[PDB]
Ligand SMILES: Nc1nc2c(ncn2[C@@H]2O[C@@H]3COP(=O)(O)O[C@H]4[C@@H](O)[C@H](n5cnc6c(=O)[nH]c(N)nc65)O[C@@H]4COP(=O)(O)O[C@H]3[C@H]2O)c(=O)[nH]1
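The data below hold one chain only, encoded as structure tokens and taken in the form solved without the named molecule.
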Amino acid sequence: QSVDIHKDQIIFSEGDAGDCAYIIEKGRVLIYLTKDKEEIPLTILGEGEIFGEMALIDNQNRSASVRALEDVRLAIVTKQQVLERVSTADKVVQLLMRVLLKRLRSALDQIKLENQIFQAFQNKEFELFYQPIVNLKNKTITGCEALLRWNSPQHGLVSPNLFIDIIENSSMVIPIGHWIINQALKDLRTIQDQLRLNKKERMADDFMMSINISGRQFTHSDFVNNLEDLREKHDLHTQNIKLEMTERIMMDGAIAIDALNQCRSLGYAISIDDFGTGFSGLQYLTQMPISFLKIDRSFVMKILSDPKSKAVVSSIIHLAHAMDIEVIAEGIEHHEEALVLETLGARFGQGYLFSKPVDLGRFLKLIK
């Protein structure tokens, strides 16, 4: 709601309590101090500008007095509205705000890790490993997923729990992601060449390299174009490249409603990773041109003990079939789990039972 005010009206004085702040819609206002009954002007504010906001942010008194130079109309910003928005803001953005207030009158660790990660990337401490995906019935290796690893010389082998999230919600996903795709496709060509070299011509034609693509780099412009360049750079075919995505992409939709269709039109397979976790698929599933979905490991490890977690999984498999989507059950660590998973009708699987993620040299041996 908006409020009219008379010329020369002292709206509030220096030292008052801070109920709310204002945004000027019409008119002009003067901010001033008072010292031994001398009146020193700080500035004149006009249309679009704000005042009374400092007291609300740090719960202290009015740093100055304010008087209307003419008839003005103000739009009210409440204390709760300000604190609400300041509290949700990033911890560094809050540091920045607080320090600016003081002067006008873990964050260190978070900043250092982001730079440590990026420096490691440039010192080439990251490399891709590849985990076999197998046909459950005949145990043949049908394809693989590219997984990012980091082994610093000083901190040994690093947990991906740490760096993956940090990378994904930063702009460094673009240069890193480009490197991931390029490396994964380079090694696909090498995999197919080795397969043809040992006269496994049909296995070579059906081989699928799964690459994880995050939201940021998907929604980023010129993605499909740069992807196509990298594909042609290694003389590869679209039917051997499968893009693993989180459900969350369809929250957006400026380019992200038909970007998938543009990917699908070129022959790239699209797969929904960690289905049944995070943003919900069931409606997103009727929209999206999906060829696969992956049943997360959290489901698979409760199949034998929890009998209604089994029911959830059975239902996902049957639903998937009903829309010509195929299933990859991941996290498989015991033969008994595979048995149930095949009886329920899941075609593919991946997990420790078959193979952990390994480097390209161990993987090339595995396929033979």
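One rule holds for the numbers: they count along the sequence shown, beginning at 1. Take the two forms, find the largest set of C-alpha atoms that superpose within 1.5 Å, and that set is the rigid core.
Below, we turn to the form deposited with the named molecule bound, even though it does not appear here.
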Check your understanding: If we take heavy atoms and a 4.5 Å cut-off, which stretch out of 142 to 150, 227 to 235, 77 to 85, 112 to 120 is in contact with the named molecule in the bound PDB entry?
Key -> 142 to 150
Practice item. Give a yes or no for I332: in the bound PDB entry, does one of its heavy atoms lie within 4.5 Å of a heavy atom belonging to the named molecule? Key: yes
Check your understanding: Hey, in the bound PDB entry, is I164 touching the named molecule, heavy atoms inside 4.5 Å?
Key -> yes
Review point. With a 4.5 Å heavy atom cut-off, would you call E168 a contact of the named molecule in the bound PDB entry?
Key: yes
Check your understanding: Using heavy atoms and a 4.5 Å limit, would one call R297 a contact residue for the named molecule in the bound PDB entry?
Key -> yes
Practice item. Only one of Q192, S214, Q183, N240 comes within 4.5 Å of the named molecule in the bound PDB entry by heavy atoms, so just point that one out. Key: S214
Point to revise | Heavy atom within 4.5 Å of the named molecule in the bound PDB entry - qualifying residues of 67 to 97 | key: none
Exercise for review: Choose, among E125, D206, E228, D71, the residue with a C-alpha displacement of 2 Å or more between the shown form and the other one when the rigid core is used for superposition.
Suggested key: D71
Practice item. Spell out whether the Cα of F348 moves at least 2 Å between the shown form and the other one when the two forms are superposed on their rigid core. Key: no
Practice item. Establish whether a shift of 2 Å or more occurs at the C-alpha of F299 between the shown form and the other one, with the two forms superposed on the rigid core. Key: no
Review point. After superposition on the rigid core, does the Cα atom of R98 shift by at least 2 Å between the shown form and the other one?
Key: yes
